[PDB]
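Undergrad: Everything below, folded, please.
(2 chains)
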Amino acid sequence: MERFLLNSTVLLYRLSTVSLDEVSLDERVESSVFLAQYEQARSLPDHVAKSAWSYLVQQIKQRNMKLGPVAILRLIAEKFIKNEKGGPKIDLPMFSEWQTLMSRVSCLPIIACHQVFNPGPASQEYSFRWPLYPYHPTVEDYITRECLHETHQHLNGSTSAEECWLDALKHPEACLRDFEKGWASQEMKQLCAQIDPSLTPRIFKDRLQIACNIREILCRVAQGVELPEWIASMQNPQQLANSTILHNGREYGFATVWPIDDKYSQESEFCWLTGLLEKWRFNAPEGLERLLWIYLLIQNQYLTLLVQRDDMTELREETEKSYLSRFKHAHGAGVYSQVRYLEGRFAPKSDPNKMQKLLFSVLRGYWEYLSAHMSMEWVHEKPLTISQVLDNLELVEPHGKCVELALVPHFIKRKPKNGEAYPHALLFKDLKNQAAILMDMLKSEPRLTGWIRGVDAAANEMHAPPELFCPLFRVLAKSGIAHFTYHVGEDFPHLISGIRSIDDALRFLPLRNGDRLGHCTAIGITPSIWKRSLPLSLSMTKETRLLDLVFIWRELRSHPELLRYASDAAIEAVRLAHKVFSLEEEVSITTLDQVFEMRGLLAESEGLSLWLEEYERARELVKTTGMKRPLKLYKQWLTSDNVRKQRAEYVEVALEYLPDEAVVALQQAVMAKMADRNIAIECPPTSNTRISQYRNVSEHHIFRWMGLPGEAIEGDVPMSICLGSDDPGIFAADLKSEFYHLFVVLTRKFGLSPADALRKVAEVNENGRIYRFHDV
Amino acid sequence: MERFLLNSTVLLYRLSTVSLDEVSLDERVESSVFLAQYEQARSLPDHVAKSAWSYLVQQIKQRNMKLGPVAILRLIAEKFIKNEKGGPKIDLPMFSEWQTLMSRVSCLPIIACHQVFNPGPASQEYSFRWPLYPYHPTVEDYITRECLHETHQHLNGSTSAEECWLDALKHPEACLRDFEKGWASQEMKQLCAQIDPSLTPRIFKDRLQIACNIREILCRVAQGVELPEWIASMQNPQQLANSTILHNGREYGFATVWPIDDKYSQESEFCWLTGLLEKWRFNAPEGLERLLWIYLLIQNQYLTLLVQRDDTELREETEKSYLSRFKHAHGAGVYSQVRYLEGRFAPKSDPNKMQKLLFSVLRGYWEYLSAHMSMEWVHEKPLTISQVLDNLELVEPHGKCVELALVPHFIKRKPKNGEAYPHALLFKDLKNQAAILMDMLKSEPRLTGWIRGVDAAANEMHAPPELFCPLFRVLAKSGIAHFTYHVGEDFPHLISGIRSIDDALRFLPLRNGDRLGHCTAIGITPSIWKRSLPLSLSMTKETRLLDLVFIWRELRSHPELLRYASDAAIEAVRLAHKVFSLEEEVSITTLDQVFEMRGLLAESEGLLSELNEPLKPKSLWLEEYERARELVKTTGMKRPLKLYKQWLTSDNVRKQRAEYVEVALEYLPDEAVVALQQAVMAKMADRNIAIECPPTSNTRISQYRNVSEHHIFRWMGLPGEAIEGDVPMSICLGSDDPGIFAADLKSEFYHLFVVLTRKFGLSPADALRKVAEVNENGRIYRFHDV
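TA: Numbering: from 1, shown residues only, chains lettered A, B, ... in the order given. The relevant structure is shown in the block below.
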């Protein structure tokens, strides 16, 4: 019930608009919590909610406390955080609840509260920069021996969401300008309204402005200095939205003095809270207690919105400090880093000078990380250029202690660009331009090929087909990239359609041995789990359905019992072909394979330097055989106005079109090809609660992949599975935090021995190294 | 049929004598190809063969090229070589075929052809020194964590066989003399005529000289410079046998000047060949096109001859080539791919000869460390044994650089007739050779940390394994501390081969942690061994008698295989009367007692020399001399001893032993032989003695149809290839005589991994572990000091 109290937009409105004069707000905050409880968790019954709230009040009265942020924070910290040998850790059975809490409530205020009301033993040093971890000696020593391995670590933006809130305080207007930049688009308007209907850019500015002023006035209380005498004017929290208050008709700002020169860091914020909370240990003035409550509520609300946004001046805020701290954050406390093989996925920029500076910024950031720990002679102590950084980094050796970086740029996809001789062209033109800078700077600097090891494309799937990037990946391989991963996001309209996308990925993309795929949830989810809450009738594009039906016949023509499904789909496949192609004569399912197999060749090459030979490479291949009919049907499939209109049309498909046994075989058929080509899978963190069908982590699809009893369907083929933390969905996260969650769930929800539980997770973690993109 | 146009005796004959001007040779090469493929692969049917050649013919016509090396390599290059992240590698499904191919064709032209026509990405700097290996992420990362552990490398010679071809070019006169000196012996004469009857020492100089001159001629084309105009007088390749071509009566020559100083280096050949095939990317002049064909045919011919002849140049090749060997073993990258390497070498009688080679290897190893270990040594230029050891004591093993442990291996010889016991001349040499080793080791006692093992790898029928008992035991007191034997690879009968290994186990002073080499006797399934053998084999009486006495030892213990034990004991007594010519009664118990005392030295007092002799002056041998003496005198039983003296020093007995006897092939039933093999396993696993396994790419057994039937899989315990009741052993990894041209331990490691995944159907995670156990057993039983 605690997370409702500290994270509920309605409570922000039912407090900020309420002045500081009255204190009697218990019924209103109770109404706000119950109202917000229904939205965030509908299924929880009212008698459960009403009882659960009252018991919380009883605890507060049992400890002579008042309903407020300083009091609720204690019980949260008391419930989860405990002192261990390493300091403040998380209780092992409570980590599942903590991960759920992390998705909605920031841990920074809680941890300071634990420090104040339960200081660590011997007053040993404790500086907070890293999200808390649970402790288990079976895993801790394994980490010290076998360091962790990352696969998808977004260097773009902030290292974690928690400090981005502080950075937003430093840049009230730059973040707002970026906020209104997307707000004009329809998606952000729905995204903002979905989190909270009462949100406008003007509201956003006032909300951020209130938080900044609240931070200053509470900083004065934390510093112990007396009030600046305009507290008589301090009556309503909405007054602070102007940053200029007047008492007796005189100007009064909110800028104050900070003992630490940097006021926008985790340590500065943590020290601010501990002093403030210590001064409120025995009492709490409500007129000042409320001001803290809005700050916690607004910090939580902004952070919840920011993490969901993932589903100019800000990107270049520091450009040299951002990458250094993240590597230090990856290294963590201690002499030796917990992560050994880290891949930094970064977004390339259209401006060649932007990418070169960004690439220099990352490499220069990496050298600064190695400056403090690895101590040997450096060719240039102040490199300031790419070549000197390579000279600096050419003297390092692989010692399995420091974080080892292997940059992998990831491409971007937008909505399909209709016209231009094929319905996805300007997207190809934009990306082909992006690849041009990558190749020439790689060609200009041969030593760069040891760090730009891979190429990815992770934006979306319905807009751009997976086969679109086959020409782009093949040409990049000839330039020396030497690795190619394709992060297949799972936003598919139908589960069977998702399997088709994976099958297209292995078949069409030039994924050599030892490559990877990202977020392959289509081949993970049990069909019974997927069907939860979906209506019995689903809608998909005719283009998707036609490929889906062709795919089913291709992999179900061998199973004896499941032979009617392939036959029925094939008859329905050719039936839909007549509707789409509008042709009159007979077309066979065998012909449909031939026309759709030519999807690999480029659309421009369909009509027919490294681009020129790649164009002709698929040209002569088109002329090697007698496929004159499927080729022109593919040209019709690409260069016909009626067909494109027919492709975008939506068809209605029943949810239970194929029985559970049919989808499992389709999953296993691709699952077999998944292992046979020996291509690893990148698995997002289990805390990423964006599947929306999982009632809890125990139902996560990864356990089917690993092969625990009761999850691995009979006949399952085992694979190789990696790990990564790109969009954890929680405010503060790390691979170690994700690693412990997997270990905890195995021991609790499945009753596995700690030695065996470690081994199963170790296999997944180890595979992150076996399929690394780093050089040897 | 791409493997018969590059290694074929008749095609070389049918193209060397054909003049360059004429071009019509398809009907002559095709007749040559079928004839050559018949004498190589006799089991290939004609209808498959005729179709296969025609398919190749129309494929070239489809590609619009001209039949020749410039086209044959292209088809192989696009067939086997596939680019990857590590550069040009070999695709996994066709790695096994490549290893079969590599026994006939040198890889160097293929990579040269592949690089020109299918270059790497962005033309990244590529340096080829090592043979191509397939890529597998599950395996390549295992090497990075736990490096390979090699056990049997012959440091005498260079790294692989492909670069030894260049040495044959560098020393045309020396390689001729080595061939001529071998050609004097009958075995090489049979072996040379075995590969090609039309081979004479006069011809061998002719063939090598042609290759050298063709190399010079094509280098001019490769450089792009025009021909020096004496090609007008070029009508036959036989002109290229004299290094002097006359045109219009004016003096000329074939030699030229190369861009690099050392024209006979690995880099020079690659730059020449890649440049040459670069200028023939579209079309090639036929006269020079055939000249390249001759060079490849000659190159493969010498490589084919060299490999077989392996189963002077040595002195010149044994100076600082070890640094290249260690660098070749280290491989590319900062850290070596092989951590524990056991380089064997052949000791020599003269102390100056043996001291010089030992210094060269140790100095060479230090040079390899000095290139990596950029750390200040006590002596910057050692140039002597003592300064090498002082320098080498400063290095620590931290799992990155190659660690060395030299192991001299004795060479057994034919038993010379006479001298009162079988091998006197042989033992006198071995007694002298070890004497030089032991005293020199005592001169510099720090060598006991590097000179770790002793081996003996020449053959099996030449000298019985029990002959090394006295010479090993004294070496044990000399501080060697590790003994390994090369036993069981060659044998006249499978049951007899079992005896030879059990002779090693019972007699040799093998302690826990020692190793054995090529235990093929306990590896081959008896059903597999009987493939394509006559219904009755032949073997010497002495080898037969030791078999019969042994088969009684390990079968009377067997509750159900008693008939074989009882029959053997009966007829062994029958054979003993034939051999010893005795008239009284000798029982099977007496025979075993006689044969258990064959490990004693012949010259031990009271056994062959007079019992009343003055005592020798306290050598390391007096422990051995009197030990075999007192136990013979004691036990109150000298009846077995007097039988043994006739077994050593009787004119009739020694003659009767060498007289051959006829043994049925299936003397023991199929199950019966398995009982002996599982008895060896229990004995040696109890003693915990590892087994060196030969490379599986070595088609020397001539009994396995493919690699999937190799006996190594039986030892590791593969289902469908493990015989019931087998006792699993410890098997280490080694690459001594792979039988192919360009080989390395990493290639052998991949070869094992490929077969498990493909033929046996094992997951990559599970397949690696089985081959990882072999790679780690080379580390558990390492001879390197702690």
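
Undergrad: and residue A:466, how many neighbours?
TA: 21 (other Cβ atoms under 10 Å in any protein chain shown). Where you see a C-beta, it was placed from the backbone N, CA and C, and this is true even at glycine.

Undergrad: tell me the SS of the one residue in the stretch 551-700 of chain A that gets nearest to chain B?
TA: Chain B sits closest to residue A:678 of the stretch 551-700 of chain A, with a gap of 6.5 Å, by Cβ to the nearest Cβ. What DSSP: H, G, I helix; E, B strand; the rest coil gives for residue A:678 is coil.

Undergrad: tell me the contacts of it?
TA: Counting by Cβ atoms under 8 Å, 6 or more residues apart in numbering or on different chains, residue A:678 touches A:513-514, A:720, B:136-138, B:764.

Undergrad: For the stretch 351-500 of chain A, which residues are neighbours of chain B?
TA: Within the stretch 351-500 of chain A, the residues that sit near chain B (Cβ under 8 Å from any Cβ of the partner chain) are A:397-398, A:442-443, A:446, A:449, A:477-483.

Undergrad: The same query, at a cut-off of 10 Å, please.
TA: A:397-398, A:400, A:439, A:442-443, A:446, A:449, A:453-454, A:476-484 (Cβ under 10 Å from any Cβ of the partner chain).

Undergrad: Would you list the buried entries among those?
TA: A:398, A:439, A:442, A:449, A:453-454, A:476-484 (16 or more other Cβ atoms under 10 Å in any protein chain shown).

Undergrad: May I have the residues that are in contact with residue A:561?
TA: Residue A:561 makes contact with A:661-662, A:665, according to Cβ atoms under 10 Å, 6 or more residues apart in numbering or on different chains.

Undergrad: So which of those sit within strands?
TA: Assignment to strands by DSSP state E places none of these there.

Undergrad: Save the residues you listed as JSON lines, and put in distance to chain B and neighbour count too.
TA: Compiled in JSON lines, those are given as follows (distance: Cβ to the nearest Cβ, whole Å; neighbours: other Cβ atoms under 10 Å in any protein chain shown):
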{"residue": "A:661", "distance to chain B": "25", "neighbour count": "14"}
{"residue": "A:662", "distance to chain B": "27", "neighbour count": "21"}
{"residue": "A:665", "distance to chain B": "21", "neighbour count": "22"}
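
Undergrad: ranges for the strands of the stretch 451-600 of chain A?
TA: Assigned by DSSP state E, counting those that start in this stretch, the stretch 451-600 of chain A shows strands spanning A:456-457, A:485-487, A:516-518, A:537-541.

Undergrad: Would you mind giving those strands as a markdown table with mean neighbour count added?
TA: Formatted as a markdown table, the strands of the stretch 451-600 of chain A follow (neighbours: other Cβ atoms under 10 Å in any protein chain shown):
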| stretch | mean neighbour count |
| --- | --- |
| strand A:456-457 | 24 |
| strand A:485-487 | 26 |
| strand A:516-518 | 25 |
| strand A:537-541 | 15 |
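
Undergrad: which one is residue A:239 nearest to, not counting chain neighbours?
TA: residue A:245 (6.0 Å; Cβ to Cβ, 6 or more residues apart in numbering or on different chains).

Undergrad: a helix runs through residue A:143, doesn't it?
TA: Yes. Assigned with three-state DSSP, residue A:143 falls within a helix.

Undergrad: is it true that it touches residue A:765?
TA: Yes. Between residue A:143 and residue A:765 there is a contact under Cβ atoms under 10 Å: 9.4 Å.

Undergrad: Now do the shared contacts for those two.
TA: By Cβ under 10 Å, 6+ apart, the residues touching both residue A:143 and residue A:765 are residue A:739.

Undergrad: out of these two, which sits in the more crowded spot?
TA: residue A:765 (22 against 18).

Undergrad: Please name the residues that touch that one.
TA: Residue A:765 neighbours (Cβ under 10 Å, 6+ apart): A:142-143, A:146-149, A:721-723, A:735, A:739, A:742, A:758.

Undergrad: In this structure residue A:149 contacts residue A:766, no?
TA: Yes. Residue A:149 is within contact range of residue A:766, at 7.6 Å (criterion: Cβ under 10 Å).

Undergrad: So those two - more neighbours on which side?
TA: When residue A:149 and residue A:766 are compared for neighbours, residue A:149 comes out ahead with 24 against 17, by other Cβ under 10 Å.

Undergrad: What backbone torsions are found at that one?
TA: Torsion angles at residue A:149 (phi, psi; degrees, to the nearest 10) stand at phi -140, psi 120.

Undergrad: what are the bridge partners for it, then?
TA: When assigned by DSSP bridges, residue A:149 has beta-bridge partners residue A:341.

Undergrad: Distance across stretch A:534-542, terminal residue to terminal residue?
TA: Start and end residues of stretch A:534-542 are separated by 20 Å (Cα to Cα, to the nearest Å).

Undergrad: Show me what that stretch is in contact with.
TA: Contact partners of stretch A:534-542, identified using Cβ under 10 Å, 6+ apart, comprise A:462, A:492-497, A:545-548, A:576, A:579-580, A:643, A:645-657, A:693.

Undergrad: out of the residues you listed, which are buried?
TA: Counted by 16+ other Cβ under 10 Å, those give A:462, A:492-497, A:545-548, A:576, A:580, A:643, A:646-647, A:653, A:657, A:693 as buried.
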